[PDB]
Each structure stands twice: as C-alpha cells, then as structure tokens.
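Heavy-atom basis, side chains included; hydrogens, waters and symmetry copies ignored. A, B, ... follow the sequence lines: proteins, then strands. Residue 1 opens every chain.
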Amino acid sequence: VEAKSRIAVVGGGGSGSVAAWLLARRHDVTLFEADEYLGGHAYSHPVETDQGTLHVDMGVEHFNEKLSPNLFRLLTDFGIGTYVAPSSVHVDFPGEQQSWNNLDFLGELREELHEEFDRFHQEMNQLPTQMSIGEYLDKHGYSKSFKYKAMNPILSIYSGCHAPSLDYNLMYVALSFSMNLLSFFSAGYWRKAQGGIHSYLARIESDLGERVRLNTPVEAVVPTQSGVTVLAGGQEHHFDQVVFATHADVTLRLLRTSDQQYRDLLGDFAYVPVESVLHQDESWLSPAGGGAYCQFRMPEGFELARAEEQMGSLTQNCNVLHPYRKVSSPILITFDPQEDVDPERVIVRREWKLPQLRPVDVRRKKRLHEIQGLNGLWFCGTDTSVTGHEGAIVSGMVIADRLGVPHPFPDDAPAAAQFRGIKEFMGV
Amino acid sequence: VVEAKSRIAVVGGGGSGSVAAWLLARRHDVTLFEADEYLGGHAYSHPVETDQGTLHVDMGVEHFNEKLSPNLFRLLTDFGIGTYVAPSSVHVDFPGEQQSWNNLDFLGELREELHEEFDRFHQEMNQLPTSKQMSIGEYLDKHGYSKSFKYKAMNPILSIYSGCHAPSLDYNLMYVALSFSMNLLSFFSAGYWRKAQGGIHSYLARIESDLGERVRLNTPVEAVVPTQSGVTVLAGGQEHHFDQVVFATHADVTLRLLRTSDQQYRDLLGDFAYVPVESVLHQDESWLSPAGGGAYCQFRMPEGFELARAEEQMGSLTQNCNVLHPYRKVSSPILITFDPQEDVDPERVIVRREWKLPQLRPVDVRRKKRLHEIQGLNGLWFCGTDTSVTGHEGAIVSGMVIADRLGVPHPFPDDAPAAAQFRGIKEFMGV
Ligand SMILES: Cc1cc2nc3c(=O)[nH]c(=O)nc-3n(C[C@H](O)[C@H](O)[C@H](O)COP(=O)(O)OP(=O)(O)OC[C@H]3O[C@@H](n4cnc5c(N)ncnc54)[C@H](O)[C@@H]3O)c2cc1C
Ligand SMILES: Cc1cc2nc3c(=O)[nH]c(=O)nc-3n(C[C@H](O)[C@H](O)[C@H](O)COP(=O)(O)OP(=O)(O)OC[C@H]3O[C@@H](n4cnc5c(N)ncnc54)[C@H](O)[C@@H]3O)c2cc1C
Ligand SMILES: CC(=O)O[C@@H](CC[C@H](C)CC[C@H](O)CC[C@H](C)CCNC(=O)[C@H](C)O)C[C@H]1O[C@H](O)[C@@H](C)C(=O)[C@@H]1C
Ligand SMILES: CC(=O)O[C@@H](CC[C@H](C)CC[C@H](O)CC[C@H](C)CCNC(=O)[C@H](C)O)C[C@H]1O[C@H](O)[C@@H](C)C(=O)[C@@H]1C
Ligand SMILES: [Ca+2]
Ligand SMILES: [Ca+2]
Ligand SMILES: [Ca+2]
C-alpha cells in the first residue's frame, strides 16, 4: 500500500493504539475510540489514598519480559518502569479448611489433591515434547475434584469466572505451567507497569494528538469504488484503507458489505462476560488467604455432581503489591462477584467480554487471513491473534508492517521472533 | 578403534561412574572401583529412624527436575522410582533486627532495602541469553549493584548450590543467569525442583544390583599406568589388567593416580580448584530461624558481619527437611546444616559428611572443555563433574557420553530433551 494514504483505525484498545501509532509514521491516520480513554481492556482507574493517587489496573495488568517482549521494549523505550507482582493464588471451598494455595502446603484440598498437583506439573513440562484442558484431564485420569477445585479456579484468573475454561486449548494451559505463569507450587513470574497499564497508552495518545478521536464510536464502515467510508460522530469520513482493531462481534455489526463470507468468518466468535469491581470491602478477603494476591472463593452450596453449573468469584488484594505497601486504604478488585459488593464500599465497576479459547476458536482466528486486505480492509486485535496483550499489540504491528511501517524492534531477538510468529499466525 | 568385550575399568563409583559402568557392561567386561562403602559419592542418602518409618535423607545431591535433568529423570522413571516437588524456598538472616529477606513473601528489612535490586536483577537475567564471559561479581559491579546486594542476597542464595566456603561471586555469569531464567533460584518465588522418593540412593541401589560382582566397593585405586599391552590398575594390593580405563574421579584425583611421562596431563588436570563442604545431619532445632517460617533453605550470617570483610566472612546453610511433603507426619526434627560455624550439639548429631565441590569460574569452564585433547589417548577416558556441565544430569550424562563413544549408544534416543542434553554434553566434552 502506497505512502501518505488516509487510514482509519477503528477501536483504540492496545492493538488499535499501537497500530495507529506506527501507521502515523507513513500515513494520515485517524483513530476512532468508542470510550473516553485509549486502552479498552487496559484501564487504570484513579484511586485516592493516604499516599496520593494510584492508577489501579482493573483489566489488563500482567505481562513479563519473556512472554511480552514487544510490550516490554515499548515500555522501556517510553521510560516506563515495571515491577514483579507474583501470581500467588489461594482457593477456598465451603467447609473447614477446604483450601489450597500457591505459597505453602496448608489446607485440606492440598492434602486431598497433593499427588495430582505434582503429576500435572510433570506432565505439562513434558508435554511440548490440539485438544482441550478438560479432555486432557479426563483422558489422563485426573479426579473431578482436581478439575473443579484446582484447574477451573486457577484458570479463572485468566479466563474469568463465567468461562468454560476446561474447554480451552490445552497448549495455552501447558505453556502457562512450563513458563511459570500459573503454578500449584510457586507464585508465578509476572510484572505490572509503574503508574498502571494506561501509562504507555497515555504516551501513544500524546504522540498521536488530534489524530485521536475519543468518545467517537464508529457506526458504520462502507467500502466504495473511490475508497472506504466511515460513519462516525454524525459525520462521514473518507479513507483509502480502514484498519479494524475492534472485536469480531463489533466488526461485523459495523461492516457494511454485500459480501457474506464476512458473516461466515466473523459471526460465531464466542465470548465470556467479565465484571470487574474495584472496591474497599475487606470482607471479600479470605481469613486464611489474605497474603495471596489472587483469592478464589467458591460459595456455599457447591456440589461436585453439579460443578459444571456453579461458579466462584476471584478477588485480588492490591494491598499486597509492592508499590501499594504504605497505603492504608483497602484496594480490592472482585471479578464476577456472586453476592453484591457493599455499594457504599464500591469505587467503580467495568463490564467487558473476553474471547473463548477452545481449539475451534483458534481455527476461527487463523481463518481471518482470507479477508485481509480486501476492499481496503485490515483486521488486528485479540480475535486475530494469540491471546494476551503481547498478541494484541503485535497484531497491530503486523498490520502496520504490511502497510509500509516495519516492525520497530528488529535488533531485539525475542521481540522480532514474536512478530514473526504472530505474522505467520495471522497469515499476513 | 575400540571394539566389543574389551576389559574396561571405571575408576570412581559416583553417579558418573556408576552410570558409565552400567551402560558399558552391556558390551564389555567392566569392573567398577569405588573408594568408599557405597555407590554414589556426593549422592548419599542416610537412614534416619523416625516414629513413621526409617527415612533415607539425602545429605548431598538431592535436586533435579524433568526439564533440567531429562536423562536422570528418565532413568528414575525406567526404574520405577517416583519423584515429588520440593520447592527451593529460601530465607536469609543477618545480625540486626529483622535483617532478613525470603522468596515466599515481602517481609524483612533486607527486602525493604534491596527490593528494587532483586527486581532489576530478574529482568536482566531473563534478558541476558537473548543478546558476557565475566563472573556474576563482575556483572554485578559493572551494572551498578550495591555491595549489600552482592553479599546479603547474591552470595547467600548462591551458597545453596556452591556451599558456604565458595567464592560464588567469581563463578560464571551464565550459570547464575540460567538459574534465574529457569526458575531454579529466585528472589520472588520458591524455585521448581524435585526429589527422588526413597532418597537419591535408590537409582544407584538398582545400578549396584544390576552390576553385581563387577562392583568393587572399599577398593580405592592407587595408580593407573598405561603400558604397551594396555593399562594397569593398581588397587587393593593387587594389579589388574585392562584394555581401556574410564576415569570417573575428580581431576585432582585423576592426576594423582595417573602415571605417565607426558606432562600435558599435569597442564590439563593440575589447575582444577575445589571448595570444601561439610554436611551435618542433626536434630538440633536451635539452628532453625525464628523468622524463617516454612522455608526449606535457611541461611544465617553470624554476629560480627562487616561489609568490608564480606570476602572473608561466611554463614551457614540449614535445610528444614520437616517442610518436605512426604516428611509431614514425622515428629522428629530432621535437619541438615552445611558448613556450620558454631559446633552442632553432638548429642543431637546423626552423621557428618565431608566433600569438596568444583569452582565454576569462567576459567574453570575453559579448563573442563580443554580435556578433549587427552580423551582416548593411552587407552584413557574421562567423565564426571570436572569434564561436564555442573549438576547431576551433567555428571551422569558425561558417563553416558563415554559409554556411547565406547560402543553403547545413548539409551534414550526417542526422548527429545534427553537426546538434546546428551548431544550438548557430548559437544561440550569434545568427544
Ligand atoms: C478483565 C480483563 C483482564 C485482563 N487481563 C489481562 C492481563 O493481565 N494480561 C494480558 O496479557 N491480557 C489481559 N486481558 C486480555 C485483553 O483482552 C488483551 O490483553 C488486550 O487488552 C485486548 O486488546 P484489544 O485491543 O484487541 O481489545 P480491547 O482492549 O477490548 O479494544 C477494543 C476497543 O474497541 C473499542 N470499540 C468498541 N466499539 C467501538 C466502535 N463502535 N468504534 C470504535 N471503537 C470501538 C472499545 O471501546 C475498545 O477500546 C484482560 C482482559 C480483560 C477483559
Ligand atoms: C553437598 C553436596 C550437595 C549437592 N547437591 C546437589 C543437588 O541437589 N543437585 C545436583 O545436581 N548436584 C548436586 N551436587 C553436585 C554433585 O557434584 C553432582 O551432582 C554429582 O553427584 C557428581 O558426581 P561425580 O560422579 O562426578 O562425582 P562424585 O560423586 O564426587 O564421585 C566421585 C567418586 O570417586 C570416588 N573416588 C575417589 N577417589 C577414588 C580412588 N582413588 N579410586 C576409586 N574411586 C575414588 C569417590 O568415593 C566418589 O564416589 C552436590 C554436591 C555436594 C558436594
Ligand atoms: C507468548 C505468546 O504471546 O504466545 C502464547 C500465549 C501465552 C498467553 C498469552 C499467556 C496468557 C496471558 O498473557 C495472561 C492473560 C491474563 C493474566 C488473564 C486475565 N488477567 C486477570 O484477570 C489479572 C491477573 O488480574 C501462545 C498461545 O496463544 C493462543 O491464544 C493459545 C490459545 C494457544 O494455544 C497458544 C499456546
Ligand atoms: C544445561 C545444564 O544441565 O547445565 C546448566 C547449569 C544449570 C545447573 C546445572 C544447575 C545446578 C545444579 O543442577 C543444582 C545444584 C545443586 C542444588 C547443588 C547443591 N545443593 C545443595 O547443597 C542442597 C542439598 O540443596 C549450564 C551451565 O553449566 C555449567 O556447569 C556452568 C558453569 C555454565 O556456565 C553453564 C551455562
Ligand atoms: Ca499501612
Ligand atoms: Ca520499616
Ligand atoms: Ca565467602
């Protein structure tokens, strides 16, 4: 594609913001964002404490230098620091001492499932040497108690508490175990961005300037003989190319083509609802947990026989975070609370949706290469890529590279490799 | 050209020797000479009498995992030996008030003081291999780390591998870098390690059983003299004749036993450096830290520590075996103190072992690789820690590399990570 083209990026989440940021180096870019900030799932909400204002990540928060080399380099290039926020996990079920945790060997669920936690690490480490985690567990003789009291809870930390996590791709889970992201024996190795995840997006927003249109949801995207027409904010805008950084769900709604292969490729993408509640109600902390960053509680009334229908809640104790250590205010995040959180203690709520990561869903992502470039249209974002923020931002980069702007970090071996892998995965 | 049914002696019955002999015996008439009363060397499990049974407590070698040690793991699996996760939780204590850090939680004044440095270090060790023939100390100096980090954090955590007498800050950087990137050592989590069920001695017990009368226990070799006919082994007041002789002893021992006019041997073997280690199996609970909660490894630096005299001062490392998951019902205290400064109450001491470890300075690695020049000459072969990558996998795989060269192929070719490790160690050894 020809230089100085008029390009629109639709959706200002991580993939869109990074796509736009790089595209603007060669093209006349405009970034449309439905909401009042750049970042989407990457949102840091200001909380007022006894130490000043903290920007508390409510969605996206975790990455590391190995898993997310491009995001890491981006942060580093921007002067943004990071810190280690280990994924310590405590799981509570109804009963007396019906728990296990990441940090120690205490709890009755640990006594009950000790052998299984052990074998699972071994097997996940031996695995990399296309099924679901559940199929694997069934097939390799793991107890139903392990599936629903250990596996499903630990996976909800990724997938949300409404997610059919046991149907998600095994390699996703195997890799997380072998890379020390999830573990039944130690707190996993993760980092957070200093000043919250929003910090890198703040800089992208500053760099893009008036090219960014906030609170401007795109209503329709209509390719024509002359170009592509974007209906947003009660006006009509004209472009040569349009980059989609929105979810497949949204993209289909916004897309206005006679072509019905679009309905085929974009319809049928499956999602999971997630509610993130930022609150100060300490009653959500476990009396046995407390110390653990991630605290999963399964409510009273759980039955193994009907486990498939029941769901818990996940609470994050932000006070455990090193930079929050002098803060005397409780800072808590409950994802998918079953009971209502005391609204006199609630700071803010966010409602989002995540993709399902079943092996069929992975096939569905890859197939999007068929419509890539057609009718002056491009696609990036989580639904075109590997899961996680690196996958998201790198998809944006893959599109920018295809549209003239090369991968910005070629001398960074792991960053370049990730770009190459994601470009291959996208079929671009 | 070496051929089948040769008379081969393996000198030294530690891990490398026992595995070398075990595989060699498939093709050759093998004899295994061992100085001590058991097969295993640094791999020693001592029986301890408790109210829930007699436990075989590893005093030396204890840790490995399925990724780091694929050949040993497969060997254990083939023998029907189970393993269990024994995470490397570490607690460090220095003389003041709450002058500690640990890798389970963010408590302690040393954590407060050095938290940011721990953090940067992880980042940098993870970024290192994707880019440096310095030592860990040179790195630390050069990348602006405080002296307090070098001696209150790095040196103590490194003693878990190296021993408390070790100049660990002189050891190769990539050794440390890899340990941090592979979650073996960490300032943020307990590292991923396994132990063998029934102790490490279990796999050796089986090798010993399989070898039978080919094993000569309590038979230290006095001299190894190559002749025009073959090689002569002087051991136990007798003279034994062999076609080939496989050395599985430390380089210093090898040079002492080795008897030739050739002085390239003196050049290649004479400059190997070691560190003494004393392992004390006891029941004196006064050695546990009052703050060092559930930590497996507990390092204590005695009163009188001075940062200026850090180079010459040394702590002690205590292992709390009662924290091990299979030892959870044991009411008896089971403890191992490495290099105790003060004497352990001898009315509470079960047994002591005295060993020596190699130094792993960048020069020492160069020295190991160099041993390819004498490999095969005068019917002589060399395996063991001083010819290989450090650790038990490196040790047992060196034994395998020699067995492969002498006709018996690597036993696990269809195990991709086991085969890869063999290939790497064979390349490193230059065999
Ligand atoms: C609660 C939660 C926690 C998470 N935690 C992590 C984590 O710790 N680590 C990690 O790696 N990943 C995490 N993720 C995954 C996350 O989805 C990805 O990391 C990444 O943020 C998704 O990138 P995206 O740009 O494709 O999606 P989004 O961030 O969802 O971006 C889509 C954007 O499109 C906008 N949009 C919608 N409609 C329109 C319209 N009509 N016109 C214009 N714009 C529109 C939206 O407002 C939004 O800004 C989390 C997700 C959730 C929901
Ligand atoms: C305290 C301690 C703890 C350790 N812990 C671990 C751990 O957890 N994990 C790990 O991977 N590694 C560990 N190691 C490292 C250890 O060096 C290797 O794992 C491995 O045991 C070395 O095996 P080797 O056969 O090369 O040497 P050694 O085990 O030292 O064996 C050499 C053998 O030669 C014999 N010998 C000596 N002189 C003569 C002679 N004249 N004639 C015949 N035989 C002789 C000795 O008795 C001995 O059995 C530890 C070492 C020590 C000292
Ligand atoms: C390295 C890289 O980018 O590639 C791998 C992806 C490994 C994942 C990205 C690791 C998971 C996320 O980064 C972490 C997501 C986050 C912590 C979940 C939601 N977070 C919260 O709720 C926080 C903890 O509060 C490849 C996998 O991606 C595919 O989507 C997946 C289904 C696979 O099959 C591949 C193995
Ligand atoms: C690939 C491989 O197998 O080896 C790598 C090094 C990683 C080590 C082998 C890990 C160290 C040991 O296996 C474990 C040491 C052990 C815990 C010793 C002491 N233990 C105790 O004293 C108590 C009982 O726990 C590569 C490095 O090996 C070399 O020896 C080293 C000097 C290097 O620089 C290489 C990079
Ligand atoms: Ca406080
Ligand atoms: Ca203080
Ligand atoms: Ca010292």
Participant: Looking at residues at least two apart in the chain, or sitting in another chain, which of them share a ring pair (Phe, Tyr, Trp, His ring centres under 6.0 Å) with A:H41?
Facilitator: A:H247, A:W352
Participant: Closest approach of A:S183 and A:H121, non-hydrogen atoms and distance?
Facilitator: OG-CE1, 3.4 Å
Participant: Is there a salt bridge (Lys or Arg N to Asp or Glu O under 4.0 Å) between B:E112 and A:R325 once you walk through the steps?
Facilitator: CA-CA 11 Å; B:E112 189 47 53; A:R325 75 188 180 287; 3.0 Å; yes
Participant: Does the B:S45 side chain pair with the main chain of B:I200, one donor and one acceptor, at a distance under 3.5 Å?
Facilitator: yes
Participant: Output yes when a side-chain donor or acceptor of B:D58 lies under 3.5 Å from a complementary backbone atom of B:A43, and no otherwise.
Facilitator: no
Participant: So B:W193 and B:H63, would you call those rings parallel, tilted or perpendicular, with 30° and 60° as cut-offs?
Facilitator: tilted
Participant: Does the distance from a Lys or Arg side-chain N to an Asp or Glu carboxylate O, for A:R119 and A:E115, drop under 4.0 Å?
Facilitator: no
Participant: Is the shortest heavy-atom distance from the side chain of A:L170 to the side chain of A:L127 under 4.5 Å?
Facilitator: yes
Participant: Taking all non-hydrogen atoms of both residues into account, name the closest pair between A:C161 and A:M311 and its distance.
Facilitator: O-CB, 3.4 Å
Participant: Within the 4.5 Å heavy-atom criterion, are A:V47 and A:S329 side-chain neighbours or not?
Facilitator: no
Participant: Return yes if some donor-acceptor pair links the side-chain N/O of A:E282 with the main-chain N/O of A:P330 below 3.5 Å, else return no.
Facilitator: no
Participant: CG of A:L137 to CE of A:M151: how many Å apart, nearest 0.5 Å?
Facilitator: 5.0 Å
Participant: Hey, are A:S68 and A:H389 close enough side-chain-wise for a donor-acceptor pair under 3.5 Å?
Facilitator: no
Participant: Can you name the ring pair (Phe, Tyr, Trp, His ring centres under 6.0 Å) partners of B:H91, sequence neighbours left out?
Facilitator: none
Participant: Other residues, nucleotides and ligands only: do more than 12 of their heavy atoms fall within 6.0 Å of CG on A:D50?
Facilitator: yes
Participant: Less than 4.0 angstrom from a charged side-chain N to a carboxylate O is my criterion; do A:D138 and A:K147 meet it?
Facilitator: yes
Participant: Show the nearest heavy-atom pair for residues B:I334 and B:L55, with the distance to one decimal.
Facilitator: CD1-CD1, 3.6 Å
Participant: One thing to verify: whether B:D119 and A:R191 come together as a salt bridge, which I'm taking to mean a side-chain N less than 4.0 angstrom from a carboxylate O.
Facilitator: yes
Participant: Quick one: list whatever passes salt bridge (charged side-chain N to carboxylate O under 4.0 Å, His left out) with A:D281, sequence neighbours left out.
Facilitator: A:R345
Participant: Taking the six-membered ring of A:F117 as reference, does the NZ or CZ atom of A:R110 fall below 6.0 Å from its centre and within a 45° cone about the axis?
Facilitator: yes
Participant: Can you pull the side-chain hydrogen bond (donor to acceptor under 3.5 Å, both in side chains) pairs that have at least one residue in residues 96-105 of chain A, sequence neighbours excluded?
Facilitator: A:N101-A:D104
Participant: Quick check: do A:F63 and A:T82 have side-chain heavy atoms less than 4.5 Å from each other?
Facilitator: yes
Participant: Do B:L184 and B:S88 pass the side-chain contact (heavy atoms from CB on, under 4.5 Å) test, and can you show the C-alpha distance, the side-chain angles, and the key distance before you say yes or no?
Facilitator: CA-CA 7 Å; B:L184 303 174; B:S88 59; over 6 Å; no
Participant: Going from OG1 on B:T50 to NZ on B:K329, what distance comes out if it is rounded to the nearest 0.5 angstrom?
Facilitator: 13.0 Å
Participant: Side chains of B:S279 and B:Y44: is there a donor and an acceptor less than 3.5 Å apart?
Facilitator: no
Participant: Return the CG to CG distance between A:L285 and A:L332, rounded to the nearest 0.5 Å.
Facilitator: 5.0 Å
Participant: B:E49 and B:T54: side-chain contact (heavy atoms from CB on, under 4.5 Å), yes or no, with the steps?
Facilitator: CA-CA 5 Å; B:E49 311 186 332; B:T54 38; 3.7 Å; yes
Participant: Measure the spacing between CG of B:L281 and CE of B:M59 and express it to the nearest 0.5 Å.
Facilitator: 5.0 Å
Participant: Identify the heavy atoms of B:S189 and A:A187 that sit nearest to each other, and give their distance.
Facilitator: CB-O, 3.2 Å
Participant: Do the non-hydrogen side-chain atoms of A:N180 and B:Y192 ever get within less than 4.5 Å of each other?
Facilitator: no
Participant: Could you tell me if the side chain of A:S143 sits less than 4.5 Å from the side chain of A:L113, heavy atoms only?
Facilitator: yes
Participant: Between atom OG of A:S328 and atom CD of A:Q51, what is the distance when rounded to the nearest 0.5 Å?
Facilitator: 7.0 Å
Participant: If you compare all heavy atoms of A:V91 against all heavy atoms of A:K149, which two are closest, and at what distance to 0.1 Å?
Facilitator: CG1-O, 3.6 Å
Participant: Using modelled atom types and a 3.5 Å cut-off, is there a donor and acceptor pairing between side-chain atoms of A:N169 and backbone atoms of A:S132?
Facilitator: no
Participant: Within the 4.5 Å heavy-atom criterion, are B:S202 and B:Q197 side-chain neighbours or not?
Facilitator: no
Participant: Within the side chain of A:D361, is there an N or O that forms a donor-acceptor pair under 3.5 Å with the backbone of A:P355?
Facilitator: no
Participant: How are the rings of B:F188 and B:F106 set relative to one another: parallel (under 30°), tilted (30 to 60°) or perpendicular (over 60°)?
Facilitator: perpendicular
Participant: Do A:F335 and A:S156 touch side chain to side chain, with heavy atoms closer than 4.5 Å?
Facilitator: no
Participant: State, to 0.1 Å, how close A:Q356 and A:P164 come at their nearest heavy-atom pair, and which atoms those are.
Facilitator: OE1-CG, 3.4 Å
Participant: Could you check whether the rings of A:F184 and A:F177 sit parallel, tilted or perpendicular, using 30° and 60° as the cut-offs?
Facilitator: tilted
Participant: Out of curiosity, B:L158 CG to B:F299 CZ, how far, rounded to the nearest 0.5 Å?
Facilitator: 10.5 Å
Participant: Return each pair, listed once, that meets side-chain hydrogen bond (donor to acceptor under 3.5 Å, both in side chains) where at least one residue sits in residues 286-305 of chain A; pairs must be two or more places apart or across chains.
Facilitator: A:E61-A:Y293, A:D92-A:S286, A:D92-A:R297
Participant: Distance only, no hydrogens: is a donor on one side chain within 3.5 Å (strictly under) of an acceptor on the other, for A:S165 and A:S159?
Facilitator: yes
Participant: According to salt bridge (charged side-chain N to carboxylate O under 4.0 Å, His left out), who are the partners of A:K66, at least two apart in sequence or on a separate chain?
Facilitator: none
Participant: Would B:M182 and B:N65 count as a side-chain contact (heavy atoms from CB on, under 4.5 Å) if you check the C-alpha gap in whole Å, the side-chain angles of each, and the deciding distance to 0.1 Å?
Facilitator: CA-CA 11 Å; B:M182 288 181 171; B:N65 72 38; over 6 Å; no
Participant: So A:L314 and A:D336, side-chain contact (heavy atoms from CB on, under 4.5 Å) or not? Walk me through it.
Facilitator: CA-CA 7 Å; A:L314 184 78; A:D336 310 317; over 6 Å; no
Participant: I want to check something: taking the side chain as every heavy atom from C-beta on, are A:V341 and A:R349 in contact at a cut-off of under 4.5 Å?
Facilitator: no
Participant: Would A:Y142 and A:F146 count as a close aromatic pair, with their ring centres under 6.0 Å?
Facilitator: yes
Participant: Do A:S176 and A:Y158 have side-chain N/O donor and acceptor atoms under 3.5 Å apart?
Facilitator: yes
